[PDB]
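Comments concern the structure below.
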Ligand SMILES: CCCCCCCCCCCNC(=O)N1CCC(C)CC1
Ligand SMILES: CCCCCCCCCCCNC(=O)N1CCC(C)CC1
């Protein structure tokens, strides 16, 4: 039951490594999960709903990892503090590139995917802004741009730049350089005048 | 002839203000240009080809403006130098929001739109990197990240952030704040250690 759903989700994540959702049939998902087509429809209404659930799992995996980091005392080294946090996103989305690629594409065609992504980006921006505000309050960061506006641009940079790196787009930062690239821009923009 | 093509392009840019390309018919474009459907097909093969030409015009308008700025002596004020350049993109794409929105959407579905955008982003990144290299050579900027990698991330930030602002996405930087936001991040990341 839970196990049926897990098998459909695992099959979909596997097939998305090889081809887009458009070239994956319900027969393919049902076959991979060892069930019939009609039994598939008991668990999910469409292959698009399967992708929504996969992306929801990956997004909440990143969010929960960030929460675990937030619960711990702050790294006393400002650059390392931000690197560890950006690395949650680098590793979580980078470890699920098939879902990341299919989920990005689906933001265009699916209101539910677009709203899921928007909701979590707002959460992540709000958290970023609250950390920059704490750094300013402690006298560690200068009072330059409105923190929420700076947070927004930095989060959008990461959204576009990490994706271009994962997907091997031209142009892109090489995957093996993207974390250092983003950390530099975050730290100089948060701490600089 | 040239004038036929201009009227079809003007009609398409006007209708894209109100609805997406999917809800614009060839009859709509032909009607707006004062021609028949078959006469439309003499000038363009599809409504998608019309959008390609519109986006090509806007992209080359931005590129030519950047070239005009590049031809002049450099602004001696580093922050203003980068602000004027980012403003070319802010004003050119911001003055054509209907084409910008339709062109962004088309990167997903059109190889020709995706390649056009990729080509000009590579050009703009290469130019950015060459300016950062000149600033380092003159001793005005520190030798931190590889210039081309830093340029790539900053250009991708602008691509995503300017678009989110123009489209009124949630999240986004308000349009009236986006130029200052991006200039701050560029200048601190290019000149900071
Ligand atoms: C579906 C779609 C695909 C795409 C995906 C990937 C992207 C991701 C992004 C993220 C942002 N954010 C960040 O990055 N951060 C914040 C907080 C912290 C503190 C750090 C960082
Ligand atoms: C179709 C799609 C839509 C989207 C559009 C808009 C975006 C734009 C972007 C640009 C990048 N770049 C920049 O920004 N820059 C460089 C150089 C100079 C020097 C500055 C700046």
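Here chain B follows Swiss-Prot for its numbers: 22-214, in order, are the residues you see.
Header lists the method as X-ray crystallography, 1.2 Å.
Cβ atoms are placed via backbone N, Cα and C, with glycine included.
Matching B:46-65, B:66-85 against Swiss-Prot, the residues noted as DNA-binding region span B:46-65. Helix, strand and coil content of the domain 'HTH tetR-type' (B:23-83), in residues and according to DSSP, is 49 helix, 0 strand, 12 coil. Taking the Cβ of residue B:176 (site 'Inhibitor-binding') as reference, residues of its chain lying under 8 Å away and at least six apart in sequence are, in sequence order, B:142, B:145, B:146, B:149.
Residue environment of residue B:179 (site 'Inhibitor-binding') contains 25 other Cβ atoms, counted within 10 Å of its Cβ in all protein chains.
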